[PDB]
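[1] Got an experimental structure here, sequence first:
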Amino acid sequence: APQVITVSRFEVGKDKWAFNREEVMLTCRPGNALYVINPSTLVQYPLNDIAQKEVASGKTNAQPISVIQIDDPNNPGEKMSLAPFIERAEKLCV
């Protein structure tokens, strides 16, 4: 079954943490579709392009990642980068 893990701002650090909550869940589905999962509501948000097309497909019920992705205080007008989390989830792939 897809591996799901919990990551925390404590582990990643405030400087790179990219979400409006202190813990989120990461997974990698068959096809290398990466998603972030909300631990209280279980809603999924696409992390990479493959996942965005699964959503766009109608195959996966999910919301835009911008719903929980926070702005970058060091890059005004832009969102905090997902690359630290994409690199963590890509390692759950199989």
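    Sure, I can see it. Numbering: from 1, shown residues only.

[2] Tell me which stretches of the protein form strands.
    Using DSSP state E, the strands assigned to the chain run over residues 4-8, 23-29, 33-37, 44-46.

[3] got the angle for the biggest helix by length in the chain vs strand 33-37?
    Longest helix in the chain, counting residues (DSSP state H): helix 49-57. Angle of helix 49-57 versus strand 33-37, following axes from the mean of the first three to the mean of the last three Cα atoms, to 10 degrees, is 80 degrees.

[4] Next, the buried residues of helix 49-57.
    51-52, 54-55 (16 or more other Cβ atoms under 10 Å). (Each C-beta comes from the backbone N, C-alpha and C, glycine too.)

[5] same thing with stretch 39-49?
    For stretch 39-49, the neighbour count (16+ other Cβ under 10 Å) marks 44-48 as buried.

[6] and which of those is nearest to residue 11?
    Residue 11 has its nearest neighbour among those in residue 47, at 17.1 Å by Cβ to Cβ.

[7] Give the bridge partners for the spatially most central residue of the chain, please.
    Central residue of the chain (Cα atoms, centre = their mean): residue 36, 3.0 Å from the mean position. For residue 36, the beta-bridge partners are residue 26, residue 45 (DSSP bridges).

[8] give me every residue that touches it.
    Contacts of residue 36 were listed using Cβ atoms under 8 Å, 6 or more residues apart in numbering, and they are 19, 24-26, 44-45, 47, 65, 68, 85, 89.

[9] go again using 7 Å as the cut-off
    Under the criterion of Cβ atoms under 7 Å, 6 or more residues apart in numbering, the neighbours of residue 36 are 24-26, 45, 47, 65, 85.

[10] do residue 31 as well
    By Cβ under 7 Å, 6+ apart, the contact set of residue 31 is residue 50.

[11] Likewise for residue 55?
    46, 62.

[12] how far away is it from residue 8?
    25 Å (Cβ to Cβ, to the nearest Å).
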